[PDB]
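Neighbour counts are summed over all protein chains in view; Cβ atoms, including those assigned to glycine, are modelled from backbone coordinates with ideal geometry. What follows is calculated from the coordinates using simple rules that are stated; it is not laboratory data.
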Amino acid sequence: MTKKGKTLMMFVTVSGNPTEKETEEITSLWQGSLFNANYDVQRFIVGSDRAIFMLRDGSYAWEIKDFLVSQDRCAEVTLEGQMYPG
């Protein structure tokens, strides 16, 4: 049907075939940066190199996607069925 609310899921992949711990360290600093920019996001680790970012307000998904892909350890960002880069 038609979605309720503004929440939005963002699926992120970490580069370099990292261990789960390294992925936790890498993504924790990303979450910190987002928070420091007033963004409200929850983080879920779902694999040695996979992370879920749950946005409270999905209307800011583009800004967050841009920030993430600009990181050296970000391989891909999946947003509404679309992978970035490119």
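Where in the chain are there GluC sites (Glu not before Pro) that are in a DSSP coil and have at most 12 other Cβ atoms within 10 angstrom of their Cβ? Intermediate results must be reported in sequence, preceding the final value.
Working: sites: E20, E22, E24, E25, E63, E76, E80; in loops: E80.
Of the GluC sites (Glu not before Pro), the ones in loops of the chain whose Cβ has at most 12 other Cβ atoms within 10 Å are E80.
About the Cα centre of region 12-86, what is the dipole size in debye to 20, counting +1 per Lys and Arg Cβ and -1 per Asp and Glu Cβ, all else neutral? Don't jump to the answer; show the numbers that get you there.
Working: 6 positive and 12 negative charges, 15 e Å.
Once rounded to the nearest 20, the dipole reads 80 debye.
Counting each DSSP H run of 4 or more residues in the chain as -39500 (n - 2.57), what helix-only mean residue ellipticity at 222 nm follows after dividing by all residues, to the nearest 500 deg cm²/dmol? Provide the component values of the computation, followed by the final result.
Working: 2 runs with 26 residues, N = 86.
When only DSSP H runs of four or more count, the value is -9500 deg cm²/dmol.
Among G86, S59, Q42, which residue has its Cα furthest toward the positive end of the charge dipole of the chain, with +1 on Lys/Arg Cβ and -1 on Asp/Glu Cβ?
Going by the charge dipole, the pick is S59.
Could you tell me the convex hull volume per residue, in Å³, taken over the Cα atoms of the chain? Display every interim value, and only then the final one.
Values: hull volume 8.0 nm³, N = 86.
Convex hull volume per residue, Cα atoms: 93 Å³.
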